[PDB]
Amino acid sequence: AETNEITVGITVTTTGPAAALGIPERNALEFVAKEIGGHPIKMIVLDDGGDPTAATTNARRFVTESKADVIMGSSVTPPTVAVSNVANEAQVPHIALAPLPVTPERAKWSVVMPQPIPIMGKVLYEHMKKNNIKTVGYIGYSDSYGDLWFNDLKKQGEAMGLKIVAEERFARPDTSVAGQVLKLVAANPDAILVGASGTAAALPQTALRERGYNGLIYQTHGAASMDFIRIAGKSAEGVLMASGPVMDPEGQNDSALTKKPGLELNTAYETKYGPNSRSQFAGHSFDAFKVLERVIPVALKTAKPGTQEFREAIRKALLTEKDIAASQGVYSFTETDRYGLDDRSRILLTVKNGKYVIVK
Ligand SMILES: O=C(O)/C=C/c1ccc(O)cc1
């Protein structure tokens with residue numbers, strides 16, 4: 001059934017432990033295109049609170065009630081897996097805003113805005129090698145996101161000559177990691193890698209410093225916003241953190257494809273929300289619309305919004321529209337690469353005097 005508007009269902013996490021990721025994603029929607037190819041965009045923006053059940057419910061609603069042309073979300077990995085499962089069963093294009101283990105069952109209908117974990121691990125393990133780190137301890141979520149990172153540390157990390165000497169896990173809502181941190185200190189690794197996101201990533205950060213761990217601490221791209229620094233305080237000093245280029249458009253070459261989109265997003269965002277309010281997360285939902293600005297006019301050549309033919313045409317256009325310039329990288333998807341990113345999609349940050357600083 002044909003419609004004038006293009007319908008985009010968005011489920012993000014604006015309450016609960018991961019609200020630090022979902023709020024900037026929702027807030028960045030004020031600055032995306034409101035019309036593509038003559039057609040107005042109608043967004044239905046829902047909270048899932050990070051819960052995979054809620055995300056399933058929202059994604060099913062997008063299919064059976066909203067009849068969405070495209071689904072986007074969620075903000076953290078477990079509900080993103082749930083969304084991807086629903087979108088693939090229902091045959092609806094899905095743009096993930098959190099990392100997703102992309103299996104054959106999820107690969108046809110899902111693409112992924114966040115940088116794949118091995119691209120981010122590479123830059124962290126290289127820094128470790130360059131700084132005489134041999135032994136490494138890990139603390140991460142007891143879920144698929146914590147697994148993705150531990151698995152990369154084990155495969156890519158060990159291959160580069162690192163030795164993992166401790167593995168601890170914690171749950172997203174935990175308010176204490178006392179026992180886990182005590183085992184990490186006893187192990188005394190050269191460095192610790194934290195596999196977490198948002199404000200929760202600051203919990204092992206502060207706890208390690210409080211218990212007298214003085215070694216280097218590495219954080220993932222899940223931690224890349226002001227919230228981490230606000231909660232970690234002094235304990236964030238000297239942290240090494242993987243991040244997308246949206247954290248430093250000013251530092252990029254004038255000719256870099258990521259520069260104009262990053263300046264555009266950050267200029268508008270930080271004017272509303274103050275200096276250094278840029279985030280990894282606002283980059284993803286802004287970039288999801290950069291992708292739609294490219295694929296929708298192509299799909300409009302074969303079909304109209306609100307039809308299964310339009311959804312299928314979007315899916316094909318994601319395969320043929322190459323080098324999509326965005327704040328976080330330059331995207332080119334294939335049948336088997338649903339992330340579509342390269343080295344232009346990552347930089348390395350540290351923290352000095354409560355500010356993010358590029359490590360060159
Ligand atoms: O907590 C998680 O499952 C991961 C969150 C995440 C979100 C955006 C990123 O770019 C990286 C990690």
# chains A, B, ... in the order shown; residues from 1 in each chain; ligands from 1
call {"tool": "residues_around", "arguments": {"residues": "residue A:55", "least_positions_apart": "5", "cutoff": "9 Å", "atoms": "only C-alpha atoms", "output": "VMD selection string"}}
result
chain A and resid 11 to 12 46 to 50 60 73 to 74 79 to 80 82 to 83
call {"tool": "residues_around", "arguments": {"residues": "residue A:243", "least_positions_apart": "6", "cutoff": "8 Å", "atoms": "only C-alpha atoms", "output": "PyMOL selection string"}}
result
chain A and resi 120+220-221+224+280+346-349
call {"tool": "write_last_selection", "arguments": {"atoms": "N, CA and C atoms", "output": "PDB file, in the first residue's frame"}}
result
ATOM      1  N   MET A 120      38.796  -1.599  15.714  1.00  0.00           N
ATOM      2  CA  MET A 120      39.102  -0.857  16.953  1.00  0.00           C
ATOM      3  C   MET A 120      40.151  -1.557  17.829  1.00  0.00           C
ATOM      4  N   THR A 220      36.918   0.968  25.071  1.00  0.00           N
ATOM      5  CA  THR A 220      36.418   0.707  23.723  1.00  0.00           C
ATOM      6  C   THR A 220      35.692   1.941  23.177  1.00  0.00           C
ATOM      7  N   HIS A 221      35.256   1.873  21.919  1.00  0.00           N
ATOM      8  CA  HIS A 221      34.532   2.990  21.303  1.00  0.00           C
ATOM      9  C   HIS A 221      33.159   3.189  21.879  1.00  0.00           C
ATOM     10  N   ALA A 224      32.982   6.426  24.170  1.00  0.00           N
ATOM     11  CA  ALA A 224      33.367   7.747  23.599  1.00  0.00           C
ATOM     12  C   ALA A 224      32.341   8.916  23.623  1.00  0.00           C
ATOM     13  N   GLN A 280      30.430   9.787  19.966  1.00  0.00           N
ATOM     14  CA  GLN A 280      30.360   8.603  19.122  1.00  0.00           C
ATOM     15  C   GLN A 280      28.920   8.325  18.650  1.00  0.00           C
ATOM     16  N   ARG A 346      38.475   5.285  12.198  1.00  0.00           N
ATOM     17  CA  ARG A 346      38.992   5.219  13.569  1.00  0.00           C
ATOM     18  C   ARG A 346      40.188   6.080  13.872  1.00  0.00           C
ATOM     19  N   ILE A 347      40.159   6.662  15.074  1.00  0.00           N
ATOM     20  CA  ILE A 347      41.296   7.359  15.662  1.00  0.00           C
ATOM     21  C   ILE A 347      41.511   6.842  17.107  1.00  0.00           C
ATOM     22  N   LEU A 348      42.556   7.345  17.756  1.00  0.00           N
ATOM     23  CA  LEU A 348      42.878   6.968  19.138  1.00  0.00           C
ATOM     24  C   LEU A 348      42.821   8.220  20.025  1.00  0.00           C
ATOM     25  N   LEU A 349      42.122   8.111  21.154  1.00  0.00           N
ATOM     26  CA  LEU A 349      42.013   9.227  22.079  1.00  0.00           C
ATOM     27  C   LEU A 349      42.699   8.915  23.390  1.00  0.00           C
TER      28      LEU A 349
END
call {"tool": "select_by_dssp", "arguments": {"residues": "stretch 104-331 of chain A", "states": "helix (DSSP H, G or I)", "output": "VMD selection string"}}
result
chain A and resid 117 to 130 144 to 159 178 to 187 198 to 210 221 to 223 226 to 236 245 to 247 259 to 273 280 to 300 308 to 320
call {"tool": "closest_atom_pairs", "arguments": {"of": "chain A", "to": "ligand 1", "cutoff": "8 Å", "atoms": "only C-alpha atoms and all ligand atoms", "output": "CSV"}}
result
residue,atom,partner,partner_atom_place_in_ligand_line,distance
A:18,CA,ligand 1,1 (O),7.2
A:21,CA,ligand 1,7 (C),6.8
A:75,CA,ligand 1,7 (C),6.0
A:76,CA,ligand 1,3 (O),3.8
A:77,CA,ligand 1,3 (O),3.7
A:78,CA,ligand 1,3 (O),6.4
A:97,CA,ligand 1,8 (C),6.4
A:98,CA,ligand 1,7 (C),4.4
A:99,CA,ligand 1,12 (C),5.9
A:113,CA,ligand 1,10 (O),7.4
A:114,CA,ligand 1,10 (O),4.1
A:115,CA,ligand 1,10 (O),6.0
A:144,CA,ligand 1,3 (O),7.3
A:145,CA,ligand 1,3 (O),4.7
A:146,CA,ligand 1,3 (O),7.6
A:196,CA,ligand 1,1 (O),5.6
A:197,CA,ligand 1,1 (O),4.6
A:198,CA,ligand 1,1 (O),7.2
A:220,CA,ligand 1,11 (C),7.1
A:221,CA,ligand 1,11 (C),4.8
A:222,CA,ligand 1,12 (C),3.4
A:223,CA,ligand 1,12 (C),7.2
A:224,CA,ligand 1,10 (O),7.9
A:243,CA,ligand 1,10 (O),7.6
A:244,CA,ligand 1,10 (O),7.6
A:280,CA,ligand 1,10 (O),5.9
A:281,CA,ligand 1,8 (C),5.9
A:284,CA,ligand 1,10 (O),7.3
call {"tool": "write_last_selection", "arguments": {"atoms": "C-alpha atoms", "output": "compact mmCIF listing (two decimals), in the first residue's frame"}}
result
# COMPACT_ATOMS: atom_id res chain seq x y z
CA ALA A 18 22.52 2.84 28.58
CA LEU A 21 24.10 6.24 24.39
CA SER A 75 21.74 1.71 21.32
CA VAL A 76 23.47 -1.36 22.83
CA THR A 77 24.26 -4.82 21.51
CA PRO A 78 21.68 -7.18 23.12
CA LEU A 97 23.19 1.77 15.91
CA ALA A 98 25.21 -0.67 18.14
CA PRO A 99 27.74 -3.40 17.17
CA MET A 113 26.91 1.96 11.80
CA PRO A 114 29.42 1.34 14.64
CA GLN A 115 32.99 0.32 13.72
CA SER A 144 27.50 -10.48 23.45
CA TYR A 145 29.30 -7.11 23.55
CA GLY A 146 31.73 -8.31 26.25
CA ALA A 196 31.83 -1.84 28.29
CA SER A 197 30.07 1.38 27.18
CA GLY A 198 28.67 4.73 28.27
CA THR A 220 36.42 0.71 23.72
CA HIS A 221 34.53 2.99 21.30
CA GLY A 222 31.47 2.34 23.42
CA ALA A 223 32.91 4.76 25.98
CA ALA A 224 33.37 7.75 23.60
CA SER A 243 36.90 6.21 18.77
CA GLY A 244 35.38 7.28 15.43
CA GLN A 280 30.36 8.60 19.12
CA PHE A 281 26.60 7.97 19.46
CA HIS A 284 25.68 6.88 14.38
call {"tool": "residues_around", "arguments": {"residues": "residue A:179", "least_positions_apart": "6", "cutoff": "12 Å", "atoms": "only C-alpha atoms", "output": "list in words"}}
result
residues 139, 168, 169, 170, 185, 186, 204, 207, 208 and 211 of chain A
call {"tool": "closest_residue", "arguments": {"among": "A:199, A:84, A:302, A:151", "to": "residue A:58", "atoms": "only C-alpha atoms"}}
result
A:84
call {"tool": "closest_atom_pairs", "arguments": {"of": "stretch 177-291 of chain A", "to": "stretch 125-131 of chain A", "cutoff": "10 Å", "atoms": "only C-alpha atoms", "output": "JSON lines"}}
result
{"residue": "A:190", "atom": "CA", "partner": "A:128", "partner_atom": "CA", "distance": 9.2}
{"residue": "A:191", "atom": "CA", "partner": "A:128", "partner_atom": "CA", "distance": 8.0}
{"residue": "A:193", "atom": "CA", "partner": "A:125", "partner_atom": "CA", "distance": 9.9}
{"residue": "A:216", "atom": "CA", "partner": "A:128", "partner_atom": "CA", "distance": 9.0}
{"residue": "A:218", "atom": "CA", "partner": "A:128", "partner_atom": "CA", "distance": 9.0}
{"residue": "A:240", "atom": "CA", "partner": "A:127", "partner_atom": "CA", "distance": 8.6}
call {"tool": "closest_residue", "arguments": {"among": "A:256, A:119, A:166, A:160", "to": "residue A:137", "atoms": "only C-alpha atoms"}}
result
A:166
call {"tool": "residues_around", "arguments": {"residues": "residue A:165", "least_positions_apart": "6", "cutoff": "8 Å", "atoms": "only C-alpha atoms", "output": "PyMOL selection string"}}
result
chain A and resi 135-137+187+189
call {"tool": "atom_distance", "arguments": {"atom1": "atom CA of residue A:305", "atom2": "atom CA of residue A:68"}}
result
9.1 Å
call {"tool": "closest_atom_pairs", "arguments": {"of": "stretch 249-306 of chain A", "to": "stretch 323-339 of chain A", "cutoff": "7 Å", "atoms": "only C-alpha atoms", "output": "CSV"}}
result
residue,atom,partner,partner_atom,distance
A:257,CA,A:325,CA,5.5
A:258,CA,A:327,CA,5.0
A:259,CA,A:327,CA,6.9
A:261,CA,A:327,CA,4.8
A:262,CA,A:327,CA,4.2
A:283,CA,A:327,CA,5.9
A:287,CA,A:326,CA,5.3
A:290,CA,A:326,CA,6.1
A:291,CA,A:324,CA,6.5
call {"tool": "atom_distance", "arguments": {"atom1": "atom CA of residue A:109", "atom2": "atom CA of residue A:23"}}
result
25.4 Å
call {"tool": "closest_residue", "arguments": {"among": "A:53, A:61, A:20, A:91", "to": "residue A:307", "atoms": "only C-alpha atoms"}}
result
A:91
call {"tool": "closest_residue", "arguments": {"among": "A:157, A:24, A:16, A:37", "to": "residue A:299", "atoms": "only C-alpha atoms"}}
result
A:37
